>>> print(open('query_4.pdb').read())   # PDB, N, CA and C atoms
ATOM      1  N   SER A   1       0.840  -1.208   0.000  1.00  0.00           N
ATOM      2  CA  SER A   1       0.000   0.000   0.000  1.00  0.00           C
ATOM      3  C   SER A   1       0.875   1.259   0.000  1.00  0.00           C
ATOM      4  N   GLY A   2       1.605   1.458  -1.082  1.00  0.00           N
ATOM      5  CA  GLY A   2       2.467   2.608  -1.194  1.00  0.00           C
ATOM      6  C   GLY A   2       2.446   3.183  -2.587  1.00  0.00           C
ATOM      7  N   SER A   3       2.683   4.471  -2.695  1.00  0.00           N
ATOM      8  CA  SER A   3       2.683   5.137  -3.974  1.00  0.00           C
ATOM      9  C   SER A   3       3.787   6.177  -4.045  1.00  0.00           C
ATOM     10  N   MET A   4       4.385   6.292  -5.204  1.00  0.00           N
ATOM     11  CA  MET A   4       5.435   7.251  -5.443  1.00  0.00           C
ATOM     12  C   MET A   4       5.074   8.111  -6.625  1.00  0.00           C
ATOM     13  N   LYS A   5       4.938   9.403  -6.410  1.00  0.00           N
ATOM     14  CA  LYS A   5       4.721  10.284  -7.522  1.00  0.00           C
ATOM     15  C   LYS A   5       6.068  10.482  -8.176  1.00  0.00           C
ATOM     16  N   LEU A   6       6.193  10.011  -9.382  1.00  0.00           N
ATOM     17  CA  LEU A   6       7.470   9.956 -10.034  1.00  0.00           C
ATOM     18  C   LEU A   6       7.458  10.734 -11.339  1.00  0.00           C
ATOM     19  N   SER A   7       8.638  11.018 -11.847  1.00  0.00           N
ATOM     20  CA  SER A   7       8.790  11.701 -13.111  1.00  0.00           C
ATOM     21  C   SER A   7       9.585  10.831 -14.066  1.00  0.00           C
ATOM     22  N   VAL A   8       9.096  10.689 -15.273  1.00  0.00           N
ATOM     23  CA  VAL A   8       9.746   9.853 -16.261  1.00  0.00           C
ATOM     24  C   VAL A   8       9.833  10.599 -17.575  1.00  0.00           C
ATOM     25  N   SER A   9      10.916  10.421 -18.291  1.00  0.00           N
ATOM     26  CA  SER A   9      11.076  11.078 -19.552  1.00  0.00           C
ATOM     27  C   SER A   9      10.924  10.077 -20.695  1.00  0.00           C
ATOM     28  N   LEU A  10       9.856  10.227 -21.448  1.00  0.00           N
ATOM     29  CA  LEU A  10       9.579   9.352 -22.571  1.00  0.00           C
ATOM     30  C   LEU A  10       9.693  10.131 -23.852  1.00  0.00           C
ATOM     31  N   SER A  11      10.047   9.453 -24.933  1.00  0.00           N
ATOM     32  CA  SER A  11      10.120  10.098 -26.225  1.00  0.00           C
ATOM     33  C   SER A  11       8.749  10.596 -26.607  1.00  0.00           C
ATOM     34  N   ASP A  12       8.705  11.502 -27.557  1.00  0.00           N
ATOM     35  CA  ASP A  12       7.446  11.960 -28.090  1.00  0.00           C
ATOM     36  C   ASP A  12       6.704  10.745 -28.640  1.00  0.00           C
ATOM     37  N   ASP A  13       7.491   9.802 -29.152  1.00  0.00           N
ATOM     38  CA  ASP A  13       6.978   8.567 -29.699  1.00  0.00           C
ATOM     39  C   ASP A  13       6.434   7.638 -28.613  1.00  0.00           C
ATOM     40  N   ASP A  14       7.185   7.508 -27.517  1.00  0.00           N
ATOM     41  CA  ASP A  14       6.823   6.598 -26.416  1.00  0.00           C
ATOM     42  C   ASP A  14       5.505   6.978 -25.775  1.00  0.00           C
ATOM     43  N   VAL A  15       5.384   8.235 -25.372  1.00  0.00           N
ATOM     44  CA  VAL A  15       4.171   8.696 -24.715  1.00  0.00           C
ATOM     45  C   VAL A  15       2.965   8.588 -25.646  1.00  0.00           C
ATOM     46  N   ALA A  16       3.186   8.822 -26.937  1.00  0.00           N
ATOM     47  CA  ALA A  16       2.123   8.699 -27.923  1.00  0.00           C
ATOM     48  C   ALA A  16       1.605   7.260 -27.977  1.00  0.00           C
ATOM     49  N   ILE A  17       2.517   6.300 -27.827  1.00  0.00           N
ATOM     50  CA  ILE A  17       2.147   4.889 -27.809  1.00  0.00           C
ATOM     51  C   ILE A  17       1.435   4.556 -26.509  1.00  0.00           C
ATOM     52  N   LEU A  18       1.994   5.035 -25.403  1.00  0.00           N
ATOM     53  CA  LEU A  18       1.419   4.803 -24.088  1.00  0.00           C
ATOM     54  C   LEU A  18       0.000   5.353 -24.023  1.00  0.00           C
ATOM     55  N   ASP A  19      -0.179   6.579 -24.500  1.00  0.00           N
ATOM     56  CA  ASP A  19      -1.494   7.219 -24.520  1.00  0.00           C
ATOM     57  C   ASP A  19      -2.468   6.413 -25.358  1.00  0.00           C
ATOM     58  N   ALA A  20      -2.008   5.982 -26.526  1.00  0.00           N
ATOM     59  CA  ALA A  20      -2.828   5.191 -27.425  1.00  0.00           C
ATOM     60  C   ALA A  20      -3.230   3.884 -26.764  1.00  0.00           C
ATOM     61  N   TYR A  21      -2.273   3.230 -26.119  1.00  0.00           N
ATOM     62  CA  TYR A  21      -2.530   1.973 -25.432  1.00  0.00           C
ATOM     63  C   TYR A  21      -3.513   2.179 -24.282  1.00  0.00           C
ATOM     64  N   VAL A  22      -3.277   3.218 -23.491  1.00  0.00           N
ATOM     65  CA  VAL A  22      -4.123   3.528 -22.345  1.00  0.00           C
ATOM     66  C   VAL A  22      -5.577   3.756 -22.767  1.00  0.00           C
ATOM     67  N   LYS A  23      -5.784   4.621 -23.744  1.00  0.00           N
ATOM     68  CA  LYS A  23      -7.129   4.920 -24.211  1.00  0.00           C
ATOM     69  C   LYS A  23      -7.749   3.728 -24.952  1.00  0.00           C
ATOM     70  N   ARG A  24      -6.913   2.958 -25.641  1.00  0.00           N
ATOM     71  CA  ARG A  24      -7.375   1.811 -26.424  1.00  0.00           C
ATOM     72  C   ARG A  24      -7.868   0.687 -25.513  1.00  0.00           C
ATOM     73  N   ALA A  25      -7.110   0.410 -24.463  1.00  0.00           N
ATOM     74  CA  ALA A  25      -7.452  -0.659 -23.535  1.00  0.00           C
ATOM     75  C   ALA A  25      -8.468  -0.191 -22.503  1.00  0.00           C
ATOM     76  N   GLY A  26      -8.700   1.109 -22.460  1.00  0.00           N
ATOM     77  CA  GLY A  26      -9.653   1.657 -21.522  1.00  0.00           C
ATOM     78  C   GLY A  26      -9.091   1.732 -20.121  1.00  0.00           C
ATOM     79  N   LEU A  27      -7.846   2.142 -20.018  1.00  0.00           N
ATOM     80  CA  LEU A  27      -7.189   2.260 -18.734  1.00  0.00           C
ATOM     81  C   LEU A  27      -7.481   3.630 -18.122  1.00  0.00           C
ATOM     82  N   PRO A  28      -7.641   3.699 -16.782  1.00  0.00           N
ATOM     83  CA  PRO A  28      -7.976   4.953 -16.080  1.00  0.00           C
ATOM     84  C   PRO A  28      -6.914   6.043 -16.246  1.00  0.00           C
ATOM     85  N   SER A  29      -5.661   5.638 -16.331  1.00  0.00           N
ATOM     86  CA  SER A  29      -4.565   6.579 -16.438  1.00  0.00           C
ATOM     87  C   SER A  29      -3.302   5.864 -16.903  1.00  0.00           C
ATOM     88  N   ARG A  30      -2.243   6.637 -17.119  1.00  0.00           N
ATOM     89  CA  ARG A  30      -0.959   6.108 -17.544  1.00  0.00           C
ATOM     90  C   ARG A  30      -0.400   5.147 -16.496  1.00  0.00           C
ATOM     91  N   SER A  31      -0.765   5.372 -15.227  1.00  0.00           N
ATOM     92  CA  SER A  31      -0.343   4.500 -14.133  1.00  0.00           C
ATOM     93  C   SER A  31      -0.787   3.063 -14.398  1.00  0.00           C
ATOM     94  N   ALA A  32      -2.060   2.894 -14.769  1.00  0.00           N
ATOM     95  CA  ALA A  32      -2.607   1.574 -15.052  1.00  0.00           C
ATOM     96  C   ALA A  32      -1.862   0.926 -16.210  1.00  0.00           C
ATOM     97  N   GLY A  33      -1.430   1.749 -17.157  1.00  0.00           N
ATOM     98  CA  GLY A  33      -0.649   1.252 -18.265  1.00  0.00           C
ATOM     99  C   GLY A  33       0.685   0.738 -17.790  1.00  0.00           C
ATOM    100  N   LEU A  34       1.261   1.446 -16.827  1.00  0.00           N
ATOM    101  CA  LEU A  34       2.529   1.061 -16.247  1.00  0.00           C
ATOM    102  C   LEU A  34       2.381  -0.222 -15.437  1.00  0.00           C
ATOM    103  N   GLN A  35       1.206  -0.425 -14.837  1.00  0.00           N
ATOM    104  CA  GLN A  35       0.932  -1.670 -14.104  1.00  0.00           C
ATOM    105  C   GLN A  35       1.097  -2.876 -15.027  1.00  0.00           C
ATOM    106  N   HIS A  36       0.539  -2.771 -16.228  1.00  0.00           N
ATOM    107  CA  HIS A  36       0.661  -3.833 -17.230  1.00  0.00           C
ATOM    108  C   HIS A  36       2.112  -3.950 -17.696  1.00  0.00           C
ATOM    109  N   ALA A  37       2.742  -2.797 -17.875  1.00  0.00           N
ATOM    110  CA  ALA A  37       4.122  -2.706 -18.343  1.00  0.00           C
ATOM    111  C   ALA A  37       5.101  -3.349 -17.354  1.00  0.00           C
ATOM    112  N   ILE A  38       4.945  -3.032 -16.085  1.00  0.00           N
ATOM    113  CA  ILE A  38       5.797  -3.580 -15.042  1.00  0.00           C
ATOM    114  C   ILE A  38       5.622  -5.100 -14.935  1.00  0.00           C
ATOM    115  N   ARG A  39       4.384  -5.555 -15.073  1.00  0.00           N
ATOM    116  CA  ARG A  39       4.059  -6.977 -14.987  1.00  0.00           C
ATOM    117  C   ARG A  39       4.848  -7.809 -16.011  1.00  0.00           C
ATOM    118  N   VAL A  40       4.902  -7.331 -17.250  1.00  0.00           N
ATOM    119  CA  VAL A  40       5.575  -8.063 -18.321  1.00  0.00           C
ATOM    120  C   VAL A  40       7.106  -7.967 -18.194  1.00  0.00           C
ATOM    121  N   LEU A  41       7.575  -6.965 -17.469  1.00  0.00           N
ATOM    122  CA  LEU A  41       9.006  -6.784 -17.249  1.00  0.00           C
ATOM    123  C   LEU A  41       9.486  -7.611 -16.060  1.00  0.00           C
ATOM    124  N   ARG A  42       8.577  -7.892 -15.133  1.00  0.00           N
ATOM    125  CA  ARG A  42       8.921  -8.669 -13.955  1.00  0.00           C
ATOM    126  C   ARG A  42       9.131 -10.127 -14.316  1.00  0.00           C
ATOM    127  N   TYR A  43       8.195 -10.683 -15.057  1.00  0.00           N
ATOM    128  CA  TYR A  43       8.272 -12.074 -15.450  1.00  0.00           C
ATOM    129  C   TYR A  43       8.655 -12.184 -16.911  1.00  0.00           C
TER
ATOM    130  N   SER B   1      18.052  13.657 -24.927  1.00  0.00           N
ATOM    131  CA  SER B   1      18.134  14.239 -26.278  1.00  0.00           C
ATOM    132  C   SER B   1      17.032  15.278 -26.511  1.00  0.00           C
ATOM    133  N   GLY B   2      15.934  15.151 -25.783  1.00  0.00           N
ATOM    134  CA  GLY B   2      14.834  16.070 -25.940  1.00  0.00           C
ATOM    135  C   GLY B   2      13.519  15.343 -26.015  1.00  0.00           C
ATOM    136  N   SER B   3      13.071  14.843 -24.886  1.00  0.00           N
ATOM    137  CA  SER B   3      11.831  14.106 -24.826  1.00  0.00           C
ATOM    138  C   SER B   3      10.845  14.787 -23.870  1.00  0.00           C
ATOM    139  N   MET B   4       9.775  14.086 -23.532  1.00  0.00           N
ATOM    140  CA  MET B   4       8.743  14.625 -22.658  1.00  0.00           C
ATOM    141  C   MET B   4       9.000  14.219 -21.220  1.00  0.00           C
ATOM    142  N   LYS B   5       8.373  14.920 -20.297  1.00  0.00           N
ATOM    143  CA  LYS B   5       8.458  14.583 -18.891  1.00  0.00           C
ATOM    144  C   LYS B   5       7.072  14.324 -18.353  1.00  0.00           C
ATOM    145  N   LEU B   6       6.835  13.113 -17.945  1.00  0.00           N
ATOM    146  CA  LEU B   6       5.548  12.722 -17.428  1.00  0.00           C
ATOM    147  C   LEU B   6       5.608  12.575 -15.928  1.00  0.00           C
ATOM    148  N   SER B   7       4.613  13.095 -15.251  1.00  0.00           N
ATOM    149  CA  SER B   7       4.514  12.909 -13.831  1.00  0.00           C
ATOM    150  C   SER B   7       3.421  11.902 -13.575  1.00  0.00           C
ATOM    151  N   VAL B   8       3.804  10.756 -13.088  1.00  0.00           N
ATOM    152  CA  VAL B   8       2.874   9.673 -12.879  1.00  0.00           C
ATOM    153  C   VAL B   8       2.976   9.183 -11.458  1.00  0.00           C
ATOM    154  N   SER B   9       1.877   8.743 -10.916  1.00  0.00           N
ATOM    155  CA  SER B   9       1.886   8.173  -9.609  1.00  0.00           C
ATOM    156  C   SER B   9       1.926   6.673  -9.766  1.00  0.00           C
ATOM    157  N   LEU B  10       3.036   6.089  -9.385  1.00  0.00           N
ATOM    158  CA  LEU B  10       3.234   4.673  -9.545  1.00  0.00           C
ATOM    159  C   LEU B  10       3.276   4.005  -8.187  1.00  0.00           C
ATOM    160  N   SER B  11       2.828   2.772  -8.121  1.00  0.00           N
ATOM    161  CA  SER B  11       2.786   2.051  -6.870  1.00  0.00           C
ATOM    162  C   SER B  11       4.200   1.700  -6.385  1.00  0.00           C
ATOM    163  N   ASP B  12       4.317   1.451  -5.088  1.00  0.00           N
ATOM    164  CA  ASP B  12       5.601   1.143  -4.451  1.00  0.00           C
ATOM    165  C   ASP B  12       6.237  -0.118  -5.027  1.00  0.00           C
ATOM    166  N   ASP B  13       5.427  -1.144  -5.230  1.00  0.00           N
ATOM    167  CA  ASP B  13       5.922  -2.402  -5.781  1.00  0.00           C
ATOM    168  C   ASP B  13       6.338  -2.221  -7.223  1.00  0.00           C
ATOM    169  N   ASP B  14       5.526  -1.492  -7.969  1.00  0.00           N
ATOM    170  CA  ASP B  14       5.761  -1.268  -9.391  1.00  0.00           C
ATOM    171  C   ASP B  14       7.090  -0.573  -9.643  1.00  0.00           C
ATOM    172  N   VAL B  15       7.351   0.512  -8.919  1.00  0.00           N
ATOM    173  CA  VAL B  15       8.604   1.238  -9.093  1.00  0.00           C
ATOM    174  C   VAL B  15       9.798   0.362  -8.691  1.00  0.00           C
ATOM    175  N   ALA B  16       9.609  -0.463  -7.659  1.00  0.00           N
ATOM    176  CA  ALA B  16      10.652  -1.370  -7.200  1.00  0.00           C
ATOM    177  C   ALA B  16      10.961  -2.415  -8.270  1.00  0.00           C
ATOM    178  N   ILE B  17       9.920  -2.857  -8.975  1.00  0.00           N
ATOM    179  CA  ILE B  17      10.080  -3.820 -10.058  1.00  0.00           C
ATOM    180  C   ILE B  17      10.788  -3.167 -11.234  1.00  0.00           C
ATOM    181  N   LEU B  18      10.363  -1.953 -11.570  1.00  0.00           N
ATOM    182  CA  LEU B  18      10.973  -1.207 -12.655  1.00  0.00           C
ATOM    183  C   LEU B  18      12.456  -1.004 -12.382  1.00  0.00           C
ATOM    184  N   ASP B  19      12.767  -0.580 -11.162  1.00  0.00           N
ATOM    185  CA  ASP B  19      14.148  -0.347 -10.741  1.00  0.00           C
ATOM    186  C   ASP B  19      14.970  -1.633 -10.854  1.00  0.00           C
ATOM    187  N   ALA B  20      14.318  -2.761 -10.610  1.00  0.00           N
ATOM    188  CA  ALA B  20      14.960  -4.062 -10.716  1.00  0.00           C
ATOM    189  C   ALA B  20      15.339  -4.353 -12.165  1.00  0.00           C
ATOM    190  N   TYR B  21      14.434  -4.037 -13.079  1.00  0.00           N
ATOM    191  CA  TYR B  21      14.677  -4.238 -14.500  1.00  0.00           C
ATOM    192  C   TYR B  21      15.738  -3.266 -15.011  1.00  0.00           C
ATOM    193  N   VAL B  22      15.656  -2.020 -14.555  1.00  0.00           N
ATOM    194  CA  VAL B  22      16.594  -0.981 -14.965  1.00  0.00           C
ATOM    195  C   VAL B  22      18.039  -1.397 -14.679  1.00  0.00           C
ATOM    196  N   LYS B  23      18.301  -1.834 -13.450  1.00  0.00           N
ATOM    197  CA  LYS B  23      19.641  -2.274 -13.073  1.00  0.00           C
ATOM    198  C   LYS B  23      20.021  -3.572 -13.797  1.00  0.00           C
ATOM    199  N   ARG B  24      19.024  -4.423 -14.041  1.00  0.00           N
ATOM    200  CA  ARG B  24      19.237  -5.718 -14.695  1.00  0.00           C
ATOM    201  C   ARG B  24      19.775  -5.543 -16.111  1.00  0.00           C
ATOM    202  N   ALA B  25      19.193  -4.611 -16.843  1.00  0.00           N
ATOM    203  CA  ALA B  25      19.580  -4.380 -18.224  1.00  0.00           C
ATOM    204  C   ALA B  25      20.662  -3.313 -18.334  1.00  0.00           C
ATOM    205  N   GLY B  26      21.107  -2.799 -17.193  1.00  0.00           N
ATOM    206  CA  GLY B  26      22.137  -1.775 -17.190  1.00  0.00           C
ATOM    207  C   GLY B  26      21.670  -0.501 -17.859  1.00  0.00           C
ATOM    208  N   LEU B  27      20.444  -0.115 -17.575  1.00  0.00           N
ATOM    209  CA  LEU B  27      19.862   1.068 -18.171  1.00  0.00           C
ATOM    210  C   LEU B  27      20.299   2.324 -17.416  1.00  0.00           C
ATOM    211  N   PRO B  28      20.299   3.491 -18.090  1.00  0.00           N
ATOM    212  CA  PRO B  28      20.759   4.743 -17.493  1.00  0.00           C
ATOM    213  C   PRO B  28      19.765   5.339 -16.501  1.00  0.00           C
ATOM    214  N   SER B  29      18.486   5.146 -16.753  1.00  0.00           N
ATOM    215  CA  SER B  29      17.464   5.727 -15.909  1.00  0.00           C
ATOM    216  C   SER B  29      16.185   4.907 -15.953  1.00  0.00           C
ATOM    217  N   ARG B  30      15.212   5.306 -15.135  1.00  0.00           N
ATOM    218  CA  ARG B  30      13.916   4.637 -15.084  1.00  0.00           C
ATOM    219  C   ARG B  30      13.188   4.805 -16.409  1.00  0.00           C
ATOM    220  N   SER B  31      13.467   5.919 -17.076  1.00  0.00           N
ATOM    221  CA  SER B  31      12.851   6.236 -18.349  1.00  0.00           C
ATOM    222  C   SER B  31      13.140   5.163 -19.393  1.00  0.00           C
ATOM    223  N   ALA B  32      14.408   4.766 -19.507  1.00  0.00           N
ATOM    224  CA  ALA B  32      14.804   3.749 -20.474  1.00  0.00           C
ATOM    225  C   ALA B  32      14.089   2.428 -20.195  1.00  0.00           C
ATOM    226  N   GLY B  33      13.794   2.182 -18.925  1.00  0.00           N
ATOM    227  CA  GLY B  33      13.091   0.977 -18.546  1.00  0.00           C
ATOM    228  C   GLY B  33      11.668   0.974 -19.055  1.00  0.00           C
ATOM    229  N   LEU B  34      10.979   2.088 -18.867  1.00  0.00           N
ATOM    230  CA  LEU B  34       9.599   2.211 -19.305  1.00  0.00           C
ATOM    231  C   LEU B  34       9.493   2.310 -20.814  1.00  0.00           C
ATOM    232  N   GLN B  35      10.517   2.854 -21.463  1.00  0.00           N
ATOM    233  CA  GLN B  35      10.524   2.925 -22.923  1.00  0.00           C
ATOM    234  C   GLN B  35      10.536   1.520 -23.514  1.00  0.00           C
ATOM    235  N   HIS B  36      11.244   0.613 -22.844  1.00  0.00           N
ATOM    236  CA  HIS B  36      11.273  -0.789 -23.244  1.00  0.00           C
ATOM    237  C   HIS B  36       9.901  -1.407 -23.051  1.00  0.00           C
ATOM    238  N   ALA B  37       9.276  -1.069 -21.930  1.00  0.00           N
ATOM    239  CA  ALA B  37       7.969  -1.595 -21.589  1.00  0.00           C
ATOM    240  C   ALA B  37       6.893  -1.088 -22.545  1.00  0.00           C
ATOM    241  N   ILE B  38       6.903   0.208 -22.817  1.00  0.00           N
ATOM    242  CA  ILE B  38       5.968   0.792 -23.764  1.00  0.00           C
ATOM    243  C   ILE B  38       6.144   0.141 -25.141  1.00  0.00           C
ATOM    244  N   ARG B  39       7.395  -0.086 -25.508  1.00  0.00           N
ATOM    245  CA  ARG B  39       7.728  -0.710 -26.774  1.00  0.00           C
ATOM    246  C   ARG B  39       7.324  -2.180 -26.814  1.00  0.00           C
ATOM    247  N   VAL B  40       7.418  -2.891 -25.700  1.00  0.00           N
ATOM    248  CA  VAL B  40       7.043  -4.310 -25.703  1.00  0.00           C
ATOM    249  C   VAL B  40       5.516  -4.472 -25.753  1.00  0.00           C
ATOM    250  N   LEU B  41       4.805  -3.398 -25.437  1.00  0.00           N
ATOM    251  CA  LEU B  41       3.348  -3.394 -25.496  1.00  0.00           C
ATOM    252  C   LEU B  41       2.871  -3.218 -26.932  1.00  0.00           C
ATOM    253  N   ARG B  42       3.649  -2.495 -27.721  1.00  0.00           N
ATOM    254  CA  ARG B  42       3.302  -2.247 -29.115  1.00  0.00           C
ATOM    255  C   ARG B  42       4.113  -3.148 -30.037  1.00  0.00           C
ATOM    256  N   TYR B  43       5.281  -3.575 -29.548  1.00  0.00           N
ATOM    257  CA  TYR B  43       6.232  -4.424 -30.284  1.00  0.00           C
ATOM    258  C   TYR B  43       7.076  -3.581 -31.237  1.00  0.00           C
TER
END
>>> encode(input="query_4.pdb", output="structure tokens")
Amino acid sequence: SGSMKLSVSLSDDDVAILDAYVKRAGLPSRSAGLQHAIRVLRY
Amino acid sequence: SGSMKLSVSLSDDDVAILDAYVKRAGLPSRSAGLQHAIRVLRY
């Protein structure tokens, strides 16, 4: 039960993909996108 | 080189996992880690 407000630098290209993925999958925010992203990087 | 800066609230476990991947791949920053993740989502 912890949260870190963080800053990340993504390419103009990266964020455009992230935004597209987030809105496409119907994610509440970029955070939720990162949840999926972290999951695939962990395993 | 000239990218965007996103402020995201990420969970404690998630950032810890990201940091694990970042050091694993010898990445320069957390950004490079998420760029890989964003890219693996789109391929």
>>> interface_residues(input="query_4.pdb", of="chain A", to="chain B", cutoff="6 Å", atoms="all atoms listed in the file", output="short mmCIF file (atom, residue, chain, number, x, y, z; two decimals) with N, CA and C atoms, in the coordinates of the input")
data_model
loop_
_atom_site.label_atom_id
_atom_site.label_comp_id
_atom_site.auth_asym_id
_atom_site.auth_seq_id
_atom_site.Cartn_x
_atom_site.Cartn_y
_atom_site.Cartn_z
N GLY A 2 1.60 1.46 -1.08
CA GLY A 2 2.47 2.61 -1.19
C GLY A 2 2.45 3.18 -2.59
N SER A 3 2.68 4.47 -2.70
CA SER A 3 2.68 5.14 -3.97
C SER A 3 3.79 6.18 -4.04
N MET A 4 4.38 6.29 -5.20
CA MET A 4 5.44 7.25 -5.44
C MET A 4 5.07 8.11 -6.62
N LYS A 5 4.94 9.40 -6.41
CA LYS A 5 4.72 10.28 -7.52
C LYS A 5 6.07 10.48 -8.18
N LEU A 6 6.19 10.01 -9.38
CA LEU A 6 7.47 9.96 -10.03
C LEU A 6 7.46 10.73 -11.34
N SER A 7 8.64 11.02 -11.85
CA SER A 7 8.79 11.70 -13.11
C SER A 7 9.59 10.83 -14.07
N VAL A 8 9.10 10.69 -15.27
CA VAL A 8 9.75 9.85 -16.26
C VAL A 8 9.83 10.60 -17.58
N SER A 9 10.92 10.42 -18.29
CA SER A 9 11.08 11.08 -19.55
C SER A 9 10.92 10.08 -20.70
N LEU A 10 9.86 10.23 -21.45
CA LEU A 10 9.58 9.35 -22.57
C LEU A 10 9.69 10.13 -23.85
N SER A 11 10.05 9.45 -24.93
CA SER A 11 10.12 10.10 -26.22
C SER A 11 8.75 10.60 -26.61
N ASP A 12 8.70 11.50 -27.56
CA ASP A 12 7.45 11.96 -28.09
C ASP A 12 6.70 10.74 -28.64
N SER A 31 -0.76 5.37 -15.23
CA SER A 31 -0.34 4.50 -14.13
C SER A 31 -0.79 3.06 -14.40
N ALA A 37 2.74 -2.80 -17.88
CA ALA A 37 4.12 -2.71 -18.34
C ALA A 37 5.10 -3.35 -17.35
N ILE A 38 4.94 -3.03 -16.08
CA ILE A 38 5.80 -3.58 -15.04
C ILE A 38 5.62 -5.10 -14.94
#
>>> select_by_dssp(input="query_4.pdb", residues="chain B", states="alpha helix (DSSP H)", output="ChimeraX atom specification")
/B:12-24,30-42
>>> atom_distance(input="query_4.pdb", atom1="atom N of residue 28 in chain B", atom2="atom N of residue 43 in chain A")
18.9 Å
>>> axis_aligned_box(input="query_4.pdb", around="range 22-37 of chain B", padding_each_side="6 Å", output="JSON")
{"center_x": 14.5, "center_y": 0.3, "center_z": -18.3, "size_x": 27.2, "size_y": 24.0, "size_z": 22.4}
>>> decode(input="query_4.pdb", residues="range 8-22 of chain B", atoms="N, CA, C and O atoms", output="short mmCIF file (atom, residue, chain, number, x, y, z; two decimals), in the first residue's frame")
data_model
loop_
_atom_site.label_atom_id
_atom_site.label_comp_id
_atom_site.auth_asym_id
_atom_site.auth_seq_id
_atom_site.Cartn_x
_atom_site.Cartn_y
_atom_site.Cartn_z
N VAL B 8 3.80 10.76 -13.09
CA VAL B 8 2.87 9.67 -12.88
C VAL B 8 2.98 9.18 -11.46
O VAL B 8 4.05 9.22 -10.86
N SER B 9 1.88 8.74 -10.92
CA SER B 9 1.89 8.17 -9.61
C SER B 9 1.93 6.67 -9.77
O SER B 9 0.98 6.06 -10.26
N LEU B 10 3.04 6.09 -9.38
CA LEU B 10 3.23 4.67 -9.55
C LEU B 10 3.28 4.01 -8.19
O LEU B 10 3.70 4.61 -7.21
N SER B 11 2.83 2.77 -8.12
CA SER B 11 2.79 2.05 -6.87
C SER B 11 4.20 1.70 -6.39
O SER B 11 5.15 1.65 -7.18
N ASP B 12 4.32 1.45 -5.09
CA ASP B 12 5.60 1.14 -4.45
C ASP B 12 6.24 -0.12 -5.03
O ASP B 12 7.44 -0.15 -5.29
N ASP B 13 5.43 -1.14 -5.23
CA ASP B 13 5.92 -2.40 -5.78
C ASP B 13 6.34 -2.22 -7.22
O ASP B 13 7.38 -2.71 -7.64
N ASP B 14 5.53 -1.49 -7.97
CA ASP B 14 5.76 -1.27 -9.39
C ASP B 14 7.09 -0.57 -9.64
O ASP B 14 7.88 -1.02 -10.47
N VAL B 15 7.35 0.51 -8.92
CA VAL B 15 8.60 1.24 -9.09
C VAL B 15 9.80 0.36 -8.69
O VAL B 15 10.85 0.41 -9.32
N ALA B 16 9.61 -0.46 -7.66
CA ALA B 16 10.65 -1.37 -7.20
C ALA B 16 10.96 -2.42 -8.27
O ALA B 16 12.12 -2.81 -8.45
N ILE B 17 9.92 -2.86 -8.98
CA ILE B 17 10.08 -3.82 -10.06
C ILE B 17 10.79 -3.17 -11.23
O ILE B 17 11.70 -3.75 -11.82
N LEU B 18 10.36 -1.95 -11.57
CA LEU B 18 10.97 -1.21 -12.66
C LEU B 18 12.46 -1.00 -12.38
O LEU B 18 13.29 -1.26 -13.24
N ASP B 19 12.77 -0.58 -11.16
CA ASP B 19 14.15 -0.35 -10.74
C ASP B 19 14.97 -1.63 -10.85
O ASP B 19 16.17 -1.61 -11.16
N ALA B 20 14.32 -2.76 -10.61
CA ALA B 20 14.96 -4.06 -10.72
C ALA B 20 15.34 -4.35 -12.16
O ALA B 20 16.43 -4.84 -12.44
N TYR B 21 14.43 -4.04 -13.08
CA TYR B 21 14.68 -4.24 -14.50
C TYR B 21 15.74 -3.27 -15.01
O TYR B 21 16.61 -3.64 -15.80
N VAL B 22 15.66 -2.02 -14.56
CA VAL B 22 16.59 -0.98 -14.97
C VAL B 22 18.04 -1.40 -14.68
O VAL B 22 18.90 -1.35 -15.57
#
